[PDB]
Amino acid sequence: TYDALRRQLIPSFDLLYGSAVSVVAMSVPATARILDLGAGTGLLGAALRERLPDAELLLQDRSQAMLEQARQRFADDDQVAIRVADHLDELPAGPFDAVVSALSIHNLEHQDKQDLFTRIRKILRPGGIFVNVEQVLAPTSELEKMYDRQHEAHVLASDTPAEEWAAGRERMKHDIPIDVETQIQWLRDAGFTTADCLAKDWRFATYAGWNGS
Ligand SMILES: Nc1ncnc2c1ncn2[C@@H]1O[C@H](CSCC[C@H](N)C(=O)O)[C@@H](O)[C@H]1O
């Protein structure tokens with residue numbers, strides 16, 4: 001029901017979440033330590049667990065209500081832990097092989113995003129990876145309208161309940177997105193040696209930074 005609704009609301013769900021899982025699996029060992037930042041109900045963590053049965057997952061979010069859904073999802077998983085913390089709070093020490101996030105960091109002020117990327121690099125092993133599945137802003141107001149039309153086209157084609165899309169729109173009024181190339185450059189500024197946009201469907205993109213490679 002919830003997982004079904006996320007697919008209705010998010011264009012190219014399988015491509016974007018799948019790209020995050022694939023780039024992690026090609027970058028870290030089977031026994032990787034992975035932090036999911038803003039894990040919510042643990043959808044990205046769940047996608048990673050499907051590919052990496054031996055990975056240790058730490059799911060972090062500020063919302064206990066969202067993390068209760070993650071606890072239920074991972075009830076029988078002995079290699080999953082949960083941490084309640086804001087992105088702006090001290091990160092867990094790690095070190096981590098991967099830090100991943102989906103549709104969470106766009107909630108922060110731009111300065112706090114730039115600082116967060118730097119703080120993430122500090123808890124990554126050398127050669128570690130940061131991956132973000134993100135809601136991104138178009139580089140112009142005219143393109144932003146086209147991004148919006150493409151998002152709405154997916155939502156309508158997916159037979160999304162009108163009430164859930166209306167609720168989606170209200171949530172998006174408080175979002176602080178920026179264009180994908182600005183954020184990717186912030187990874188370079190944070191001291192990641194490589195940063196790339198792996199996959200994109202207009203408003204939604206999967207990008208990554210590597211801590212040494
Ligand atoms: N400043 C902040 N610190 C921590 N978590 C935050 C946050 N701002 C938003 N969040 C969390 O980010 C999540 C956004 S929804 C995305 C959930 C999950 N990553 C998924 O892919 O489905 C929510 O769980 C919300 O509580």
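Here, residue 1 is the first one in the sequence, and each next residue gets the next number. For the numbers below, each heavy atom of this structure counts, side chains included, while hydrogens, waters and symmetry mates do not.
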Trainee: Given 3.5 Å as the limit, does a donor-acceptor pair link the side chain of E144 with the main chain of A138, or not?
Mentor: yes
Trainee: For a 4.5 angstrom cut-off between non-hydrogen side-chain atoms, does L43 reach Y2?
Mentor: yes
Trainee: Which residue pairs pass the side-chain hydrogen bond (donor to acceptor under 3.5 Å, both in side chains) test when at least one of the two sits in residues 114-127, sequence neighbours left out?
Mentor: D97-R125, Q111-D115, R121-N211
Trainee: Please determine, by modelled atom types, if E68 and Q72 share a side-chain donor-acceptor pair under 3.5 angstrom.
Mentor: yes
Trainee: Using the rule that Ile, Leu, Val, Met, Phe, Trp and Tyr join whenever any side-chain heavy atoms are under 4.5 Å apart, tell me whether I105 and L44 fall into a single cluster.
Mentor: no
Trainee: Between the main-chain N or O of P177 and the side-chain N or O of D175, is there a donor-acceptor pair closer than 3.5 Å?
Mentor: no
Trainee: With a 4.0 Å cut-off on N to O distance, would you call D3 and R73 a salt bridge?
Mentor: yes
Trainee: Is there side-chain contact between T194 and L187, with at least one heavy-atom pair below 4.5 Å?
Mentor: no
Trainee: So which atom in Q8 and which in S158 form the shortest heavy-atom distance, rounded to 0.1 Å?
Mentor: NE2-O, 2.9 Å
Trainee: Could you tell me how the ring of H110 sits relative to the ring of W186: parallel (under 30°), tilted (30 to 60°) or perpendicular (over 60°)?
Mentor: tilted
Trainee: Does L91 reach the side chain of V99, with side-chain heavy atoms less than 4.5 Å apart?
Mentor: no
Trainee: Who are the ring-ring contact (aromatic ring centres under 6.0 Å, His included) partners of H151, not counting sequence neighbours?
Mentor: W165, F204
Trainee: Measure from the side-chain N and O atoms of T193 to the backbone N and O of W210, and report whether any donor-acceptor pair falls under 3.5 Å.
Mentor: yes
Trainee: Is it the case that the side chain of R203 and the backbone of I10 share a donor-acceptor pair, with hydrogens and angles ignored and the cut-off at 3.5 Å?
Mentor: no
Trainee: Which atoms form the tightest heavy-atom contact between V131 and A208, and what is the distance?
Mentor: CG2-CB, 4.1 Å
Trainee: Is there a path of hydrophobic side-chain contacts, each under 4.5 Å between heavy atoms, that joins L116 and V180?
Mentor: yes
Trainee: Looking at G45 and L59, what are the two nearest heavy atoms and their distance?
Mentor: CA-CD2, 4.4 Å
Trainee: Keeping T41 on the side-chain end and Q69 on the backbone end, is there a donor-acceptor pair under 3.5 Å?
Mentor: no
Trainee: Rounded at 0.5 Å granularity, tell me how far CZ in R6 sits from CD in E164.
Mentor: 10.0 Å
Trainee: Using the ring of each side chain (for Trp, its six-membered ring), is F192 parallel, tilted or perpendicular to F130, with breaks at 30° and 60°?
Mentor: tilted
Trainee: Nearest heavy-atom pair of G42 and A70: which atoms, and what distance?
Mentor: N-CB, 4.1 Å
Trainee: Given 3.5 Å as the limit, does a donor-acceptor pair link the side chain of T206 with the main chain of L198, or not?
Mentor: no
Trainee: Sequence neighbours left out, what pairs pass ring-ring contact (aromatic ring centres under 6.0 Å, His included) with at least one residue falling in residues 72-107?
Mentor: none
Trainee: Counting distance only, does the side-chain N/O of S63 pair as donor-acceptor with the main-chain N or O of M66 below 3.5 Å?
Mentor: yes
Trainee: Does the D77 side chain pair with the main chain of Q79, one donor and one acceptor, at a distance under 3.5 Å?
Mentor: yes
Trainee: Rounded to the nearest 0.5 Å, what separation is found between the NE2 atom of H154 and the CG atom of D201?
Mentor: 8.0 Å
Trainee: Using modelled atom types and a 3.5 Å cut-off, is there a donor and acceptor pairing between side-chain atoms of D86 and backbone atoms of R62?
Mentor: no
Trainee: Hey, quick one: are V100 and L57 part of the same hydrophobic cluster, counting side-chain heavy atoms closer than 4.5 Å, chains of contacts allowed?
Mentor: yes
Trainee: Are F13 and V133 co-members of a hydrophobic cluster defined by side-chain heavy atoms under 4.5 Å apart?
Mentor: yes
Trainee: Taking the side chain from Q183 and the backbone from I178, do they hold a donor-acceptor pair closer than 3.5 Å?
Mentor: yes
Trainee: Would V84 and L35 show up in the same hydrophobic cluster when neighbours are defined by side-chain heavy atoms closer than 4.5 Å?
Mentor: no
